[PDB]
Amino acid sequence: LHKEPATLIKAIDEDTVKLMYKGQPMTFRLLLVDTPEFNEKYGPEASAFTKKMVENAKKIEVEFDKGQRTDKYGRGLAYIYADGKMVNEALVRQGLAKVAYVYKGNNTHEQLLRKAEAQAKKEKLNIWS
Ligand SMILES: Cc1cn([C@H]2C[C@H](OP(=O)(O)O)[C@@H](COP(=O)(O)O)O2)c(=O)[nH]c1=O
Ligand SMILES: [Ca+2]
């Protein structure tokens, strides 16, 4: 897999973000995660955490997997990195997301995120509390 440049346009919500990628505005949906909605418990905190992570980054990168790169809504499907730290993994590690939406061929970092979820769960963090 390869990391590619992008720039923040706007944080959106818990697990989507609007990035400029190859010069074009796109909404990205984070691979391999599911989050609470804004009006559910831990939704605001997921949203805030994603927002902070992307807004505070000096370098955003986009890493596509081996499979589908856009979903049925036109959202890009990637692993997103903020100063080298994976946002998808960070949300899971903090118990603000669960591993989810694991489709075959777009699952290179599954076991990495499952490990993260396991540690968040052990720690009883947030959604696991
Ligand atoms: C994360 C992800 C979501 N999706 C689709 C499946 C879900 O369809 P439905 O809308 O029909 O449920 C939806 C969940 O996204 P959200 O969790 O952002 O709603 O996005 C993919 O197709 N591939 C993916 O990798
Ligand atoms: Ca949502």
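Positions of Cβ are backbone-derived with ideal geometry, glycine not excepted, and every protein chain shown enters the neighbour counts. Laboratory data are not the source of any read-out in this text; all were calculated from the coordinates shown.
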Of the conditions (1) surrounded by 12 or more Cβ atoms within 10 Å (Cβ to Cβ); (2) of a type outside the set (A, V, I, L, M, F, W, C); (3) away from ligand 2 (no atom under 13 Å from the Cβ); (4) free of Cβ contacts under 8 Å to residues at least 60 places away in the same chain, the single one that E63 does not satisfy is (4)
Answer from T27, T35 - the residue that is near ligand 2 (Cβ under 9 Å from one of its atoms), of a type in the set (S, T, N, Q) and surrounded by 15 or more Cβ atoms within 10 Å (Cβ to Cβ)
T35
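Each row is one residue, and each column tells you yes or no for (1) surrounded by 20 or more Cβ atoms within 10 Å (Cβ to Cβ); (2) among the basic types (K, R); (3) farther than 20 Å from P5 by Cβ.
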| residue | (1), (2), (3) |
| --- | --- |
| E55 | no, no, no |
| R75 | no, yes, no |
| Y81 | yes, no, no |
| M86 | yes, no, no |
| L91 | yes, no, yes |
| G95 | yes, no, yes |
| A100 | no, no, yes |
| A116 | yes, no, yes |
| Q119 | no, no, yes |
Residue that is over 19 Å from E117 (Cβ atoms) and either assigned to a loop (DSSP other than H, G, I, E, B) or within 16 Å of ligand 1 (Cβ to nearest atom) (or both), where the choices are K41, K58, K52
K58
Of the residues in the stretch 12-38, how many are more than 13 Å from ligand 1 (Cβ to nearest atom), hydrophobic (A, V, I, L, M, F, W, C) and closer than 23 Å to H109 by Cα?
2
Report whether or not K66 is in a loop (DSSP other than H, G, I, E, B) and of a type in the set (D, E, K, R).
yes
Sole exception among (1) surrounded by 19 or more Cβ atoms within 10 Å (Cβ to Cβ); (2) away from ligand 2 (no atom under 16 Å from the Cβ); (3) in a loop (DSSP other than H, G, I, E, B) for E14, by number
(2)
Count of residues meeting criterion [out of contact with any helix residue (DSSP H, G or I) (no Cβ under 7 Å at 6 or more places or on another chain) and either free of Cβ contacts under 8 Å to residues at least 60 places away in the same chain or charged (D, E, K, R) (or both)] in the stretch 16-44
18
